[PDB]
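Student: Here you go, one structure.
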RNA sequence: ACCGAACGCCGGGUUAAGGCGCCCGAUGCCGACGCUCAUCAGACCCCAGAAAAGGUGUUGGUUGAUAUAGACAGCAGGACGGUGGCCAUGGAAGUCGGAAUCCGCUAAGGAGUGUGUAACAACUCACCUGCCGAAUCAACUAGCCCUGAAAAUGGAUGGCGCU
RNA sequence: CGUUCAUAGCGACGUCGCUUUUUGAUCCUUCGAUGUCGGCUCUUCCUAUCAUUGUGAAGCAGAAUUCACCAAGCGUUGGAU
RNA sequence: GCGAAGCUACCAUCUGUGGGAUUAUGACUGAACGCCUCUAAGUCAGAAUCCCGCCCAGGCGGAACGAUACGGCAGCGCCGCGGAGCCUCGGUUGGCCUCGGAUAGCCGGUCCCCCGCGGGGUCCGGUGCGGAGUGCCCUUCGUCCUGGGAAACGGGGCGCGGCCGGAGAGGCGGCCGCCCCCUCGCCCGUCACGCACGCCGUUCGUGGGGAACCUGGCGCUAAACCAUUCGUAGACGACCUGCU
Ligand SMILES: [Mg+2]
Ligand SMILES: [Mg+2]
Ligand SMILES: [Mg+2]
Ligand SMILES: [Mg+2]
Ligand SMILES: [Mg+2]
Ligand SMILES: [Mg+2]
Ligand SMILES: [Mg+2]
Ligand SMILES: [Mg+2]
Ligand SMILES: [Mg+2]
Ligand SMILES: [Mg+2]
Ligand SMILES: [Mg+2]
Ligand SMILES: [Mg+2]
């Protein structure tokens, strides 16, 4: 039934400054801005506290599937804050039993050529979502590093190269190859 | 003597219903910015529903068979045509009053245009419900001129923004003017608020 | 019941009302998309199908069995004497479509061109564009002209030049020169228009439009064949010898119960003189016409670097049912639509 | 981003119904969509009333959630809600709208004559202001 | 052929059975309370169409739990010995099967849920903690919705449409 | 059953359905006549998908494969009796 | 026998294209359910599918432009302003415009900052069952006379010339010179206008739309069809051509 009220709080840290034009949070700090719109979620994004310390999200007269959004908005702002402060660092290790998936970034991070996958002549070119920047790591041999602020864009770009390197018309239990996400960490930990 | 209705923010059949009866009572109506009409129910839902209508054709000679109009104006016309007795003389006469446009062209681009709040999306739908823009719909089913209609409307909105700024400028001067004059309009301005305006 | 043994259906529905084309001169149904970036140019030309012949050439597709092997090859000669620009005509985008906006015609216009505007020239007093050309020599007119061009600069998007043929220079009977709108594809519309305003009343030859080893689309009307039966017009099976009411027919038009004969069923009607746009016809040779420095230069046509004789593409006794190709011509690979003498876009 | 609330003690103007055009305090909330309501000073008997019909003011007079009518009568008369309401811009443009409805035919004529003139005076003064603004621009 | 009602020719009134977005006379009520979103929604006697069986889809019930002796999940630590227990040898020391089926240590572990073994091994599946911080969880039941749900000219809640 | 393992693939004893490309029932229509089989020829639809595109499954190492999904765009032939 | 032209054959030769939305599916972020989940709000990839493109036809659908009957009787195109006279009717103040939002908006003003008198920002001050309100605004609806007050340079002569803005189906405005005339809105006095004797279609848009008729000024000077011809065409029509 209609729950008379639900809410939550999102305690912003003193480094970051968040601001909300209505229902369109914009979060800025060390690394950069991250806007996100929630016109489509239907909530009261109050912002309270001197020093602007916490973001509150009411949701009045919600039914079960309307009250399910409350936390997911709150959480999306949490990631947004993390992105601004620390920034996300997805690491993905290449795997093969023969053909050593030859990776090479191109423009800056943007492009990812993925040559010699399974001994295929086809060279996979994979763009990155605006903001994300791939880079071939050191201190680990067959391993990529995708860094960026907007987690959504990062993890999508990770998937983009994960599904790029897919095996068709074979026993995938046998043929375990491709560039898989190994670790979802941050650019700096504190 | 003529309705002009901005079809933006309305509901396709909901507006068409109201337009039909106006049109049958001899009211000449114009319906403008028809691409902006929006239809309840999630997008995909309505695309299929249209695509079905496309499938309907007179097997032996499609050239005769139900003419599936793409343009949002003609779509909206089609749905209003479905609520009149359009095989009659009086029905055909009724449609001849109605005048529909994709976007908002030159007679009516400098006319104030009404809004049927009984067909309006913000009112008639729950906010958590989904709907479709009849533009998108029209576009994907083969409407040629979305982008053109967009490029012409950006001009119009820029052209209009100017008009509003000048309008505002007069309003402001008029607010100043009254204050400049309010001892030599004082025993007029008093009488216009005994009988209850200006308050 | 189902038809027993399957078979793909005869003829394409993507081509029908198999009727006699309204036009004779094949329309360009779409010009290419003018990227605004590359410089201005014409997108089309109007030639004439003079005749076929061989070529011989070394081929260079490595891998093929025919790599570095001299093949022969058929070719069409399209005699293409230079066109004369006599107009421009501005268009504007609308949600309705692409409205023609303003047509500015040149000053002087040939009787080659003027012919076109009368159904009977012998009987006319030849009074066309007479009060028009008054505009081109006064203050009032020239100013209005400039304002028209300015308006086109403000408003228009697509610009097509109007040119026409030089019917004068051909072996054909007709004098009535074909006009045609040709689209100027290039930079910004103001640049685009001042190019066509410079070209006005001027010749334009073939080499200015096309270059060698270039795929081009031939547009024309097909060689017409009158009323033809279903066996000719659809390539339906003949029925056998014993058939009592004839055998160049279709037996079952249709089923009973969509109780109408469908548009997909094969019937006898007009075969030929259809409009058709065959694509990808590679230009092997853009050939220079006869010219004079002291004597004739007839050589410059059908001589090759390896042949070195004194030929023209004209064969002995000319191209049959045509003439001498005394003008510049293109030389496409393969056959193209239409008859000898046919105007060809 | 809400400013007015179904609070106990909120004064609400009834938009329509039997008690249309009357103020009324929210004593207790019964349901999702029904408020137990009272308007002792404003001639409205203690009764349940749906929210759909009441539109709520910017006046929260303070009493306890199910007092016995006497006490809300005090909290109404202490705050002097009738005086404060009639002072509001809202209530003025209610009063206005009623006086426009009461207008008699001679009264309608007077008005027209008064406006006919009053809009002429302003119109000139606006035109003068435009000329002065044009003179500044020059 | 159903329901209502049974006809001289007309005016006013009122009804029935049916309705009242527009087609089409009437809700253009500030109607009341819920339920339900369907990439096959649903939409009224006769009637022109679906079942068994499913679904943490959502909404109600019913019955039982549980938990401050601070749980419940979520991660982390052990899973033994009397004992190749007995029948079965073809090998079953917990483990193709079946009769059994208790004690010790116990904080506590079934003569064993499975994985897998020729058979073990090795792994895996209570009782209890450490962190976190209020409800948690099970089994039925019935409403709408969905799966179940395949036909041949293009098509029919009557149509347009409707959230 | 499938070494082992109910459900990869299967599936007894039972059970619930759809279909009208089988055959029956039935006799409503037509007996002042609706030309009675097959083949040829031609068009179009359906999908209950043989192949082809995109995919999930395996008792799929590869090759070969069956099981299922979207799906009827395009095909589905030459002969002997 | 051989055979030109012409038809003609996988029996010769040539050409056959690009996007979008997404389905099945596999994924992201992510609640519901302190974990987990492709899903609930949100996001990605995605196809012989579907829709378009190209390609064929082209609407009781439009377009720009040309020429528009010298004449031997002609007949018309504009412009302005007049008289009658059939016919077809509907009407009976106007509204000359921001964009949009809806778990928000509207207006100001910026002291201050950035951009091209404006635009964007912040900050502050007002409104918000919207009075800078379509529950709205504008406009007045008897005629004249004279003789005061408040308001007062406003209006006109289908007054006249220049400079603009407007192309989506522009069809409308605006702003600037010069000539002549008037004193119009709001109150008061002051009289008079057929006062047609209680009684219906009054009152306007209206110089309306169309057809036929009398005046001035400035312009005009035909094509089409047949016949004939041609063969890129053809059953016949039609079509492509030619003809001081
Ligand atoms: Mg394989
Ligand atoms: Mg078949
Ligand atoms: Mg015979
Ligand atoms: Mg077994
Ligand atoms: Mg039978
Ligand atoms: Mg028969
Ligand atoms: Mg299927
Ligand atoms: Mg999905
Ligand atoms: Mg996508
Ligand atoms: Mg795609
Ligand atoms: Mg089409
Ligand atoms: Mg009248």
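Start at 1 and count along the chain as shown; that gives each residue its number.
Structure method, as recorded: electron microscopy, 3.5 Å.
Every residue, even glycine, has its Cβ placed from backbone N, Cα and C.
Pulled these features from Swiss-Prot for this protein:
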type: COMPBIAS; residues: C:17-30; note: compositional bias 'Basic residues'
type: CROSSLNK; residues: C:38; note: SUMO2 cross-link
type: CROSSLNK; residues: C:223; note: SUMO2 cross-link
type: CROSSLNK; residues: C:225; note: SUMO2 cross-link
type: CROSSLNK; residues: C:285; note: SUMO2 cross-link
type: CROSSLNK; residues: C:293; note: SUMO1 cross-link
type: MOD_RES; residues: C:12; note: phosphoserine
type: MOD_RES; residues: C:135; note: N6-acetyllysine
type: MOD_RES; residues: C:244; note: tele-methylhistidine
type: MOD_RES; residues: C:285; note: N6-acetyllysine
type: MOD_RES; residues: C:293; note: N6-acetyllysine
type: MOD_RES; residues: C:303; note: phosphoserine
Student: Please report the distance from the Cα of residue C:303 (phosphoserine) to the Cα of residue C:135 (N6-acetyllysine), rounded to the nearest angstrom.
Tutor: 49
Student: May I ask which of the recorded sites C:38, C:223, C:293 is closest to residue C:135 (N6-acetyllysine) if we compare their C-alpha atoms?
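Tutor: Ranked by Cα distance from residue C:135 (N6-acetyllysine), first place goes to C:38.
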Student: Counting other CB atoms within 10 A of each CB, which of the recorded positions C:38, C:244, C:285 comes out lowest?
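Tutor: Each of the recorded positions C:38, C:244, C:285 was scored by Cβ atoms within 10 Å; lowest is C:244.
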Student: Among C:12, C:38, C:244, C:285, C:293, these being the recorded positions, pick the one whose CA is nearest to that of residue C:225 (SUMO2 cross-link).
Tutor: C:12
Student: Work out, from DSSP, the number of helix, strand and coil residues along the compositional bias 'Basic residues' (C:17-30).
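Tutor: Residue counts in helix, strand and coil order: 0 helix, 0 strand, 14 coil.
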Student: Which number gives the other C-beta atoms within 10 angstroms of the C-beta of residue C:12 (phosphoserine), all protein chains shown included?
Tutor: 7
Student: How big is the gap, in Å, between the Cα of residue C:223 (SUMO2 cross-link) and that of residue C:12 (phosphoserine), rounded to a whole number?
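Tutor: Residue C:223 (SUMO2 cross-link) and residue C:12 (phosphoserine) have their Cα atoms 19 Å apart.
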Student: Of all the recorded positions given, C:135, C:225, C:293, which has the fewest Cβ neighbours within 10 Å once its own Cβ is left out?
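Tutor: Minimum Cβ neighbour count within 10 Å, taken over the recorded positions C:135, C:225, C:293, occurs at C:293.
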Student: Pop the Cα-Cα gap between residue C:293 (SUMO1 cross-link) and residue C:285 (SUMO2 cross-link) into the table, whole Å please.
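Tutor: Here the two Cα atoms are 23 Å apart.
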Student: Three states by DSSP: which one describes residue C:12 (phosphoserine)?
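Tutor: Once the DSSP labels are grouped into three classes, residue C:12 (phosphoserine) ends up as coil.
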